[PDB]
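Quick note, the sequences are listed as chains H, d, U and n, same order. What the first sequence shows, in PDB author numbering, is residues 29 to 144, 149 to 219, in sequence order. All you need for PDB author numbering is the position in the second sequence, starting with 1, plus 4. All you need for PDB author numbering is the position in the third sequence, starting with 1, plus 5. All you need for PDB author numbering is the position in the fourth sequence, starting with 1, plus 40. First comes the structure, then the notes that go with it.
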Amino acid sequence: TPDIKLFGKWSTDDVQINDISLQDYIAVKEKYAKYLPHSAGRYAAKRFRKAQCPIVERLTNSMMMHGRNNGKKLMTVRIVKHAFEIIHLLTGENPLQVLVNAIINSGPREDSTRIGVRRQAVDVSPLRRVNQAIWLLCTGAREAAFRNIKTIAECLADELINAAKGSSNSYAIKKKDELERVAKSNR
Amino acid sequence: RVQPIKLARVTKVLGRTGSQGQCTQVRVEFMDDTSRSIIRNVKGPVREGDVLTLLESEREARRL
Amino acid sequence: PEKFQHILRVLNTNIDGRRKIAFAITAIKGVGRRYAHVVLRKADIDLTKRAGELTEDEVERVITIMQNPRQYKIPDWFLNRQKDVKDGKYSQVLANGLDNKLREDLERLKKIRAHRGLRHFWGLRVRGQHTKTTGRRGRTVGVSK
Amino acid sequence: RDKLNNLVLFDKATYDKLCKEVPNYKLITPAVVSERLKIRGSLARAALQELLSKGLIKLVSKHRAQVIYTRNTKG
RNA sequence: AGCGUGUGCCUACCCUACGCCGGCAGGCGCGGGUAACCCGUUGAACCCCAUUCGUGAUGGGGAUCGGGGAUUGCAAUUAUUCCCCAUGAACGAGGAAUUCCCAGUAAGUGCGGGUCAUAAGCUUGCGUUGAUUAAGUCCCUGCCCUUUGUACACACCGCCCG
RNA sequence: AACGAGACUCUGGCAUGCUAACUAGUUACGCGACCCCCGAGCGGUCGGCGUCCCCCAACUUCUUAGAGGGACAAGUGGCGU
């Protein structure tokens, strides 16, 4: 009985992580299943402690950002809640699979460091791949809503659905495919 | 013309490099033939036993 | 719908018949958000309808209430002309009448050459403000000789 | 620089389309109705409440900032 | 919520419950407090739930300016401060440059103290909501120690040649 | 051998252990009073709600603030002329 927790409405057991480099850094299932994407936990206190935070709470933290929105976490939990309800109507699929596949597609795997207009290509670590993916798809949702009748709950659903299939209509896929093109010229 | 993706496992961290200390320098051991090893430079935070994705296996780099 | 007329002319000014009735009539000078709500409340009009949905006798009921507030029991403390200096009356002044009422006030101050009338004439700030660093509308001047 | 020109009341060419399009959409919301029919958000809010009392659509969720509706329990 | 203040010792003023009159600012009456005792269970703001608007310089923004009413004071015009109806600017995330910051922190949000007859867009304290990124380097600007060179000691913002 | 550093002083986080409170509270009842029947069951002994009110009841968990306690790189595994 208490070993299965449905996050209000959505099951975790049927979720799959299909890139073996990220299985250690995308926290889902087992001890990482909770009822709500809100805790008061001290995740900032040591270097790798960040990797133990549930991925739906990391999306919720990164969304309360742009100046006029600092500290407003209760508003930001309902944006994620209403985005997952729209994703289930459009796809028919589990919303946690759509989020996991959007993160696996959006993180860049080569990039070029700066040395003097002059750059050199380098590898990207799995913790920086998951950090980059969240920031890109939050930015994509935030830029589209700024002068449209579309709510941010509808724009965050559109951005996650397009990223989970790699369509290049999303902001995150265009920016990933720009970073890897520039680095390929700096070998 | 084209070449495939390779996966490799971190076996040691060697130090930090670049003008501002920005890149870690690291030793990696491949996922197919476990007898092979090379050295690489990595942009983010890295820990022993991480798995990297390499877009080319044949390039190798020393101190930038 | 009825495909009824969606632009209308009320007091020598044009109203868009497309906004909510309480925000359409504020296109008249002398009629703000606060006064427009109270006029429609005395006129017995439902605030939910668009301004093109009023009948011909409903607009004449609103116009005849705007021009005579004190006979429909709109209070004295609501009005934009109080004890008018030359004849002692209380009223609301609207449209091109508000332009002339300000035009008479600035000339009345200038004719006796009081300090207000001179500041309005020289084009300077009339109320208590400083003038060293704000309100600049000329051109940058160079130090060279 | 550009302008939209959204309608404040229906006409039969768009009102018959409102009643014909009901089965096509998995997600029904005031904003998607607004941009697709060229309708203001306050007319889109009013039109979706009529279809609910006619029994033609299902309410999925309601909150101050977001309503959600869907197709009538098949497809 | 938390930190505080309160009848001024020459010097003449304090913090306020409750009832009544007024749309409001405000007015009259009558009680408590020299304070873990009275204002006071200090019913704070953002936040939370429901409604209306619909991508329009718009119900965003509120500068500028007309008319009327209270309160301080010996005196308010070059508008002390406060209240009401009206008027409705620039501004659609900012060129070359450049500041501060590593956890209950940054940022958001309101409340006390000082100055005070009248009065914070300042400053000095308090609580409340609460992240992203780092766990490193000497590249840029600087500091400490040692070896080294010098025509400097007014000490490189030095000295000096045709 | 001397000063600076550090120690030192104030402050934050822990004590159901101590001292003890009508200018601070809790629990409980001799009980007393208003309201509801929603409750095994009645309009009740018994239930629910209280900054409604006495105690010449018991007490110190929550508030105040005095004395002491506690943390040392002390324990276990690596690395170090």
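From the three backbone atoms N, C-alpha and C, an ideal C-beta is built for every residue, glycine too.
Per DSSP, cross-strand counterpart(s) of residue i
{"i": "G19 (chain d)", "result": "d:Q29"}
{"i": "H94 (chain H)", "result": "For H94 (chain H), which the question treats as bridged, DSSP gives no partner whatsoever."}
{"i": "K10 (chain d)", "result": "d:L58"}
{"i": "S96 (chain U)", "result": "U:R86"}
{"i": "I43 (chain d)", "result": "d:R31"}
{"i": "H103 (chain n)", "result": "n:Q106"}
{"i": "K47 (chain U)", "result": "Its beta-bridge partners do not exist; DSSP assigns none."}
{"i": "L47 (chain n)", "result": "n:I79"}
{"i": "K98 (chain n)", "result": "n:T110"}
DSSP-derived helix/strand/coil call for residue i
{"i": "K208 (chain H)", "result": "helix"}
{"i": "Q152 (chain H)", "result": "strand"}
{"i": "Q89 (chain n)", "result": "helix"}
{"i": "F112 (chain H)", "result": "helix"}
{"i": "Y40 (chain U)", "result": "helix"}
{"i": "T60 (chain U)", "result": "coil"}
{"i": "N19 (chain U)", "result": "strand"}
{"i": "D56 (chain n)", "result": "helix"}
{"i": "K78 (chain H)", "result": "helix"}
{"i": "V67 (chain U)", "result": "helix"}
{"i": "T119 (chain H)", "result": "helix"}
{"i": "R55 (chain U)", "result": "strand"}
{"i": "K57 (chain H)", "result": "coil"}
{"i": "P65 (chain H)", "result": "coil"}
{"i": "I83 (chain H)", "result": "helix"}
{"i": "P63 (chain n)", "result": "helix"}
{"i": "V43 (chain H)", "result": "coil"}
{"i": "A73 (chain H)", "result": "coil"}
CB contact flag (residue i, residue j, <7 Å)
{"i": "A12 (chain d)", "j": "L59 (chain d)", "result": "no"}
{"i": "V6 (chain d)", "j": "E52 (chain d)", "result": "no"}
{"i": "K33 (chain H)", "j": "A61 (chain H)", "result": "yes"}
{"i": "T21 (chain d)", "j": "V46 (chain d)", "result": "no"}
{"i": "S90 (chain H)", "j": "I205 (chain H)", "result": "no"}
{"i": "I181 (chain H)", "j": "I107 (chain H)", "result": "no"}
{"i": "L67 (chain n)", "j": "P6 (chain U)", "result": "no"}
{"i": "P80 (chain U)", "j": "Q97 (chain U)", "result": "no"}
{"i": "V73 (chain n)", "j": "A84 (chain n)", "result": "yes"}
{"i": "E62 (chain d)", "j": "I42 (chain d)", "result": "no"}
{"i": "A32 (chain U)", "j": "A41 (chain U)", "result": "no"}
{"i": "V17 (chain d)", "j": "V32 (chain d)", "result": "no"}
{"i": "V126 (chain H)", "j": "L192 (chain H)", "result": "yes"}
{"i": "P158 (chain H)", "j": "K208 (chain H)", "result": "no"}
Terminal residues of the alpha helix (DSSP H) in which residue i lies
{"i": "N133 (chain H)", "result": "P123 to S134"}
{"i": "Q164 (chain H)", "result": "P158 to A176"}
{"i": "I193 (chain H)", "result": "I184 to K197"}
{"i": "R76 (chain n)", "result": "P70 to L77"}
{"i": "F126 (chain U)", "result": "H120 to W127"}
{"i": "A27 (chain U)", "result": "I26 to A29"}
Start and end residues, beta strand (DSSP E) containing residue i
{"i": "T138 (chain U)", "result": "It is not in any beta strand (DSSP E) - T138 (chain U) carries neither H nor E in the DSSP assignment."}
{"i": "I108 (chain n)", "result": "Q106 to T110"}
{"i": "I12 (chain U)", "result": "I12 to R14"}
{"i": "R142 (chain H)", "result": "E138 to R142"}
Where residue i falls, given that 16 or more other Cβ within 10 Å makes a residue buried
{"i": "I9 (chain d)", "result": "exposed"}
{"i": "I131 (chain H)", "result": "buried"}
{"i": "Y203 (chain H)", "result": "buried"}
{"i": "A215 (chain H)", "result": "buried"}
{"i": "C170 (chain H)", "result": "buried"}
{"i": "residue 226 (chain H)", "result": "Outside the shown range of chain H (29 to 219) lies residue 226 (chain H), about which nothing can therefore be said."}
{"i": "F112 (chain H)", "result": "buried"}
{"i": "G133 (chain U)", "result": "exposed"}
{"i": "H103 (chain n)", "result": "exposed"}
{"i": "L123 (chain U)", "result": "exposed"}
{"i": "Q106 (chain n)", "result": "buried"}
{"i": "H110 (chain H)", "result": "buried"}
{"i": "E138 (chain H)", "result": "buried"}
{"i": "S199 (chain H)", "result": "exposed"}
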